[PDB]
4 protein chains.
Amino acid sequence: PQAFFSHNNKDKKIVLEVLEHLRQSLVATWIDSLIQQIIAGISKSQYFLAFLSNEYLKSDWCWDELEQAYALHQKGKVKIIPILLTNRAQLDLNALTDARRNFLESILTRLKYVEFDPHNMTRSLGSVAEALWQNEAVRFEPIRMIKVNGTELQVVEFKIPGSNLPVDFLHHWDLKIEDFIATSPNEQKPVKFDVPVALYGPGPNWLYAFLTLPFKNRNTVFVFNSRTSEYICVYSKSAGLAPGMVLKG
Amino acid sequence: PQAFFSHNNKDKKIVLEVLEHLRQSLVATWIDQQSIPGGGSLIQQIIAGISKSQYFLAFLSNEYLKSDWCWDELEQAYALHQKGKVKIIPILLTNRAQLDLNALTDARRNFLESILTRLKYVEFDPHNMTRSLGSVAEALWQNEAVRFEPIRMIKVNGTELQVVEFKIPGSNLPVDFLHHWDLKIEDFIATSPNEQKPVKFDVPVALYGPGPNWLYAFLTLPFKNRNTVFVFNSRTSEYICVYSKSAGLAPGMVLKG
Amino acid sequence: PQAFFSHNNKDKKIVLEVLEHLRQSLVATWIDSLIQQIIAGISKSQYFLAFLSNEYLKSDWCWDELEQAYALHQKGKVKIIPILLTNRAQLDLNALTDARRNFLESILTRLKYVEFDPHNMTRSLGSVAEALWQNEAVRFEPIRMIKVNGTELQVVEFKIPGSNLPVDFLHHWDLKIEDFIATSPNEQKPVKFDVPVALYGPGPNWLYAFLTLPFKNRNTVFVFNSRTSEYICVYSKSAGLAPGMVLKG
Amino acid sequence: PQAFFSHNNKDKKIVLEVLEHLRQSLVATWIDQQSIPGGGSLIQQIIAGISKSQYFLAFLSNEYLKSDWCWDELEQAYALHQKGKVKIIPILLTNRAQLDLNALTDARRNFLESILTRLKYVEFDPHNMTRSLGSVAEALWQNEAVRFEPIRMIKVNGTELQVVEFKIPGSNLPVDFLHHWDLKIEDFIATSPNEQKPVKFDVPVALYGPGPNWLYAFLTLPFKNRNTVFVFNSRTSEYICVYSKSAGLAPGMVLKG
RNA sequence: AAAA
RNA sequence: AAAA
Ligand SMILES: NC(=O)c1cccc([C@@H]2O[C@H](COP(=O)(O)OP(=O)(O)OC[C@H]3O[C@@H](n4cnc5c(N)ncnc54)[C@H](O)[C@@H]3O)[C@@H](O)[C@H]2O)c1
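Residues numbered from 1 in each chain as written, not as in the entry; some residues may be left out. Chains lettered and ligands numbered in written order. Heavy atoms only, no water.

Determination of this PDB entry was carried out by cryo-EM to a resolution of 3.3 Å, according to the record.

**Student:** How do you make sense of the site of the ligand when you look at a structure like this?
**Tutor:** Taken together, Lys120(B), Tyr121(B), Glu123(B), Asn9(D), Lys12(D), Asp32(D), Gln33(D), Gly40(D), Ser41(D), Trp69(D) and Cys70(D) are the residues near the ligand. Site remark: the ligand is flanked by residues from chains B and D. Here a nitrogen atom of the ligand and a side-chain polar atom of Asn9(D) are 3.1 Å apart. Against a free-state accessible area of 660 Å², the protein chains account for coverage of 78% of the ligand. Looking at side-chain class alone, the shell around the ligand contains 3 nonpolar, 4 polar and 4 charged residues. (Near = heavy atom within 4 Å. Polar contact = N/O pair within 3.5 Å; in protein donor to acceptor, adjacent residues only side chain to side chain. Areas by Shrake-Rupley, 256 points an atom, 1.4 Å probe, with all protein chains shown as cover. Nonpolar A, V, L, I, M, F, W, Y, C, P; charged D, E, K, R; others polar.)

**Student:** Can you walk me through the pairing of strand β1 (residues 2–6) of chain D in this structure?
**Tutor:** Look at any regular strand and the pattern is simple: side chains alternate between the two faces of the sheet. All names here are of chain D. Most of β1 sits out of view: 5 of its 5 residues are buried. Side chains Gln 2, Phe 4 and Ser 6 project from β1 onto one buried face, and the interleaved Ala 3 and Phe 5 project onto a second face that is buried too. As defined by bridge partners, β1 adjoins strand β3 (residues 54–60) across 5 bridges and the pair is classed as parallel. By the bridge assignment, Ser 6 is partnered in β3 with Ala 58. Note: β1 against strand β2 (residues 29–30), 2 bridges, orientation parallel. Considered in β2, the bridge of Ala 3 is made with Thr 29. (Buried < 20%, exposed > 50% of the residue type's maximum accessible area, 1.4 Å probe, protein only. Helix = DSSP H or I, 4+ residues; strand = E, 2+ residues; numbered from the N terminus. Pairing = 2+ DSSP bridges.)

**Student:** Would you mind showing me how to read the arrangement of the chains here?
**Tutor:** Kept free of each other, chain B and chain C leave a smallest C-alpha distance of 11 Å between them. Between chain A and chain D there is no contact, and the shortest C-alpha to C-alpha separation is 11 Å. (Contact = heavy atoms within 4.5 Å.)

**Student:** Would you take a moment to explain the sheet that holds β2(D) for this structure?
**Tutor:** Paired through their backbone hydrogen bonds, the strands of a sheet run either parallel or antiparallel. All names here are of chain D. The strand order across the open sheet built from 5 strands is β2-β1-β3-β4-β5, with neighbouring strands paired in parallel fashion. The sheet is open, and its two borders are formed by β2 and β5 (122–123), each paired with just one other strand. Relative to β5, strand β4 (residues 87–92) is paired through 2 bridges, and the arrangement is parallel. Residue pairing in the sheet places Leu 92 in a bridge with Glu 123 of β5.

**Student:** In this structure, what is going on with the domain arrangement of chain A? I would like to understand it.
**Tutor:** Many descriptions give the size of an interface as the accessible area lost when the pieces come together. Residue and element names in this part refer to chain A. Parsing chain A into structural domains produces domain 1 (2–134) and domain 2 (144–248). Relative to domain 2, the C-alpha centre of domain 1 lies at a distance of 31 Å. Each partner contributes residues to the interface: domain 1 has 8 residues there, and domain 2 has 8 residues. In total, domain 1 and domain 2 occlude about 790 Å² of area from one another, counting both sides; carbon and sulfur atoms represent 63% of this. On the domain 1 side of the interface with domain 2, the three residues burying the most area are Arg 23, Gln 24 and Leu 26, jointly 64% of the side's total. (Domains from an automatic or database assignment. Buried area = accessible area lost by both parts, 1.4 Å probe.)

**Student:** So what exactly am I meant to see when it comes to the sheet that holds strand β7 (residues 159–165) of chain B here?
**Tutor:** Here 6 strands make up an open sheet; going across it, the order is β6-β7-β8-β9-β10-β11 (chain B) and the pairing mixed. Looking at which strands have only one partner, the edges of the open sheet turn out to be β6 (152–156) and β11 (254–256) of chain B. Mean inter-strand twist for the sheet, computed between neighbouring axes without regard to direction, equals 35 degrees. Bridge count for β6(B) against β7(B) is 5 bridges, and the pairing is antiparallel. Bridge pairing in β7(B) places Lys155(B) opposite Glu160(B). Relative to strand β9 (residues 229–233) of chain B, helix α7 (residues 205–212) of chain A is tilted by about 160 degrees, and along the sheet it contacts β9 and β10 (238–241) of chain B. (Axes fitted to C-alpha atoms, helices over the stretch in contact; angles between N-to-C directions.)

**Student:** Looking at this structure, how should I read the protein's contact with RNA strand F?
**Tutor:** Around RNA strand F, 38 residues are found, and the nearest of them are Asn205(A), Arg227(A), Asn213(B), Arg235(B) and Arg218(C). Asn213(B) places a polar main-chain atom, nitrogen or oxygen, 2.4 Å from a phosphate oxygen of RNA strand F. Interatomic distance of 2.8 Å between a side-chain N/O atom of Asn225(D) and a phosphate oxygen of RNA strand F. Put simply, the parts of the chain that give the surface near RNA strand F at least two residues each are α7 and β9 (221–225) of chain A together with α7 (213–220) and β9 of chain B.

**Student:** Help me understand the interface of chain A and chain B in this model?
**Tutor:** Contacts between the two partners involve 33 residues from chain A, matched on the other side by 31 residues from chain B. Across the chain A to chain B interface the summed buried area is about 2,600 Å²; carbon plus sulfur atoms make up 67%. The largest per-residue losses of area from chain A upon contact with chain B belong to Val167(A), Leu213(A) and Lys216(A), which jointly make up 25% of the total buried on that side. Viewed at the interface, chain B and chain A are joined by 2 salt bridges. (Salt bridge = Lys/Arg side-chain N within 4 Å of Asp/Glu carboxyl O.)

Dropping the structure here:
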């Protein structure tokens, strides 16, 4: 589920670090156009992140990017999530013209925004990440590297919203995990290079097979079974680890 | 689950065709001279892999009983069988009633009678072939974990596909069963259309039957860049496409069965 | 039985903790729109919790949410439960306009409210939770974790109002228990992850089967039999516990 | 409640068809070398599971009584039966009047006569098949807990459904009976439409008969993601849907019987 | 069979 | 077969 970030360099500091958290959530993130890049892939294109801030509002040549993003949003192709670096109370609406203020007020009331602050970072990141997963199918929590039974491992946590997904959901899914696997240890990616990868959370068998298959010759695959609650090794790419061992959690 | 065939060329006709059915059941089959870098034969090839080595198929027949130099192969197979390394399944081409035990010496007859009563045998005949093949194949799966039925090529919704049917005996398997499993599916995938293998080359492969998620992942994973993988979901009972290696097939389509 | 919370951040402190008690009662709770989200599911949608307070009354842009909630409430789709953080005596009705005061007074007299205070918390929570269960079918008390015969277990207590339910009540029930099962020990949910779950209270056999079935491969299921009054184990997902043991209460 | 069948191929025709009726009664049936890895030989396969192992079905017949390779089968079955591990039910294909006892030796006749008088037998004939099958099936359920009638597929309100009828003998069962029950319903659910099993694949399954709530929950739970579950309520006497695995059926509908 |  |  791709993400396009529209922001100003005054907010550059918060943007990548916000994105870095979003990248670990198996989310495609694109920063450095964004207008004609909307028309790419399936109808579920991306969610526009409008990094709204006082300095962001003061650039007209940044404003027109919000127009075409919102103008085609009525077509249903893309949906926007406005991120408020500063609270709504002290947003400098006075400097905006009558057309600019009327446009901004309409999209802040009818369309839902997310408030962000540097202080309560953990809660702010969770609210930002979850809003990405509000209107989306099975979620994807950030990858956590945990050591179980002395073995280093990373967990790919995914939660299904509700209790079921469409039987043809895999057809319209725009998430392929080959793009999130690191090729070098120094290269930063959601999935660490050569580090064993584990899948956690309830789900259908085909969903587990769909995520496990692209990991052949890339990382060691671990599968969690809730019958007894230990991880199951299904792939042997690292030395000393055989397919079938259990990790007592 | 490997299989070693001991037989005579008078029964050669039934042996491969019996083996051909067993090969489609995802069973490793070894008759003459294959891929092991050991010393060949069937005696010292028993000591290879894990304690679950193989099941000796003694193709017992009247002409088979008449060769002494074929008899000693049954001795060393049975002599080390008491150690628990290998178990023998004697296949009777002819019924027990007309087995020529008289020509056998006192030691040979006493040895054969002991292993036919204590050890379990399977009767085979050319006439009732379908039932005979099922009895032979299932005896391979009697003392084994999750079974593997022969691969069947079925066309669903106009799409050619082969089904890998596996059934779990009981309702559970050990959580560490995958460690001691001696079945890796990379050796059963055909590389050329003319080459005969349990899994057809480039033909989409489907997994059928209830089982744990790790078992499905373990079987699906070695099929990357080899065949299109289909997974059966019992919630609504259609096959689910998870891999796209053939043109025109996307991961996520359903096959109404 | 879903619940939508309308409140101000001055009352934020009481809201989640009120909700946390309601979540343990197998109640769907939704906080962070609420207007167009009313039209979802069956006619038994939810009960609007109007967290009425003096600071809540002072926001006009919070008032219009109460209008559309009440305006469509006359259609019978949703019913509102107004929660008074402060007593009716000192509610600042004077600051409200003539239309606002007339609207509020009409809904406080004809429609029933619930009084809440921080001091008598246990009684206040019980009154709030029960008002959710007043116009509803078989109730659901908060989950209690009790240790019987040295075995950790949680009890799902449900009480049937009256002595019978409609034979087709399960068709229109909007409670599926798969959404209330925790997937991780750190994740907070009404049902603890991997902790054995027990069902308590008289009821029909199909109701017991309906609640027990979604727990396969999720939690160990215990059933209470009133013939001799010990819990009966029917599922074995945890080690050392076989289906058929009894817990002397 | 497992069942081991000892018979001769002259009575093969009646054996499976007798077993087929018994299989529909949620009874584990093992004729020869069945799934159970335990050496087919029903003898050492007796020592498996709980003290309530199985009931030996001695398919007694005139040609069976000439089967010396079979006379032994009974000895060890009866010899350990005195230990209380297994009980035998002798099935008389022919009536007691014309049983060829004369050909039997003095030891054989004395052994057979002792077990036919002190231990109870069941008479079977091809002619009155329905009554004979009922007598055979019920003798399996005589010394057993809550019974299990054969599964019947009935169409109620235009909906196809199968009923699992179970009757409790007496009016109560031990509170810890589920601990020692050797019946798990996962082994009786079909995985393919062509595969024959007590429970049809994807066909909704209904539970009928009075019983405790935990017994209903114990039987309903293993059916998740396997079949649609229906529960009968005697308050108003319609079936109640609790699981939705088939399209068009919601949990909560009623079937007017 | 509405804690049998 | 929706963590068996
Ligand atoms: N499954 C087989 O084909 C088979 C063949 C031979 C034997 C067996 C297994 O022998 C076990 C008993 O020890 P032992 O073999 O010493 O004696 P015994 O029981 O007298 O052997 C069977 C006699 O009957 C014929 N027959 C063939 N098929 C069957 C069959 N499915 N059920 C019954 N009888 C069968 C066979 O030719 C012989 O005359 C017992 O576990 C039995 O299943 C299975």
